[PDB]
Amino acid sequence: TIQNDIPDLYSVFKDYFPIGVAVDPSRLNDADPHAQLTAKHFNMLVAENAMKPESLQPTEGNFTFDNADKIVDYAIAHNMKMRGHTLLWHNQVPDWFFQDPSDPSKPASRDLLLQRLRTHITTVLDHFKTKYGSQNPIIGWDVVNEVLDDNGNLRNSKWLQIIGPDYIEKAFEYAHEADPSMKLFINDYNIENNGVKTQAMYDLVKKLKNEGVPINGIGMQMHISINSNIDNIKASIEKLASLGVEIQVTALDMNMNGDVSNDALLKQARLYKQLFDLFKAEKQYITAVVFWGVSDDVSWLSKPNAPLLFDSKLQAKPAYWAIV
């Protein structure tokens, strides 16, 4: 049972940016405590899995939008905005995209993979626009997800192998052409550490924007840990923001490295407070902050963990109180 009378989390940040959460379509019923926590605390929603490539086009031409639409319907019913996650990734993407259809033992050509990418992107964006029109809550999409490797080079996924380095620019071109009203993001993890990957993201976006690629923002996943350095996060935000793009914190959670003790929860509260003070200070750049999961019991991180503001019993944790 949730605490109904404590402050609605997103309301605390009304003068800064929307506060969202990634959800599962099976946790949206009015009688479900997870759905109650969702509607109470967040004014933005993201599909944790239902809008990924495999979740939308499992086999070629066979589009499965029911779960995604259930989430969109819920966002509309609760006056929430949404982020679309994600049009291209190297995980949760079906193998058929990369296979020659006449000989599945061989790879698709650059032109065929690009055509499939264009058809996927266009169908996905046209689906939400035609079904929901002006009521479409989605304000932007993670057009590409995790395209850098941890050394800062382009990740050598099948997209890169088959097409080459311009597959990123093409994804953005296709998305922009399908729906120019959507803000287009490049999303990634570890770019908040002010290391080689942060520099590579800055370099890549600088390059693509100078070439006219329609990138509107950079999504910083923010899968931080109890040991993360706030100074590095501030420096990363400032560096990426210098490109003149929006910054969104897209998948925030805190890895406790196995320590879920009361002492650790207090340390987590101090760190989350510092993190949100930083986000508020950078409000001129940050346009959304989204948590990757509603409560600890439904977090994607393996156990034991305590990554979010609501615990495994759906109760507000010390970090929630520290922030509000």
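Throughout, we count residues from 1 along the sequence that is shown.
Student: What stretch has the higher average Cα B-factor here, 206-214 or 182-190?
Tutor: Higher mean C-alpha B-factor in the PDB entry: 206-214.
Student: Check the entry's C-alpha temperature factors for 278-286 and 25-33, then say which stretch has the higher mean.
Tutor: Looking at the record's C-alpha B-factors, the answer is 25-33.
Student: Which one, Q248, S157, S109, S134, has the peak C-alpha temperature factor per the PDB entry?
Tutor: When the deposited C-alpha B-factors of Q248, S157, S109, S134 are compared, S134 is largest.
Student: Have a look at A77, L113, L87, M220 and flag the one whose Cα has the highest B-factor in the entry.
Tutor: Reading the PDB entry, the winner on C-alpha B-factor is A77.
Student: Classify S102 as lowest, middle or highest third according to the C-alpha B-factor given in the PDB entry, relative to its own chain.
Tutor: According to the entry, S102 has a C-alpha B-factor in the chain's highest third.
Student: What third of its chain's C-alpha B-factors does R270 belong to: lowest, middle or highest?
Tutor: Within its chain, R270 is a middle-third residue by C-alpha B-factor, going by the deposited values.
Student: What third of its chain, lowest, middle or highest, does the C-alpha temperature factor of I230 fall into?
Tutor: Tercile = highest for this residue's CA B-factor.
Student: Lowest, middle or highest third: where is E169 by Cα B-factor in its chain?
Tutor: Middle third of the chain for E169's C-alpha B-factor.
Student: Could you tell me which third, lowest, middle or highest, the C-alpha B-factor of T59 occupies within its chain?
Tutor: Ranked within chain, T59 CA B lands in the lowest tercile.
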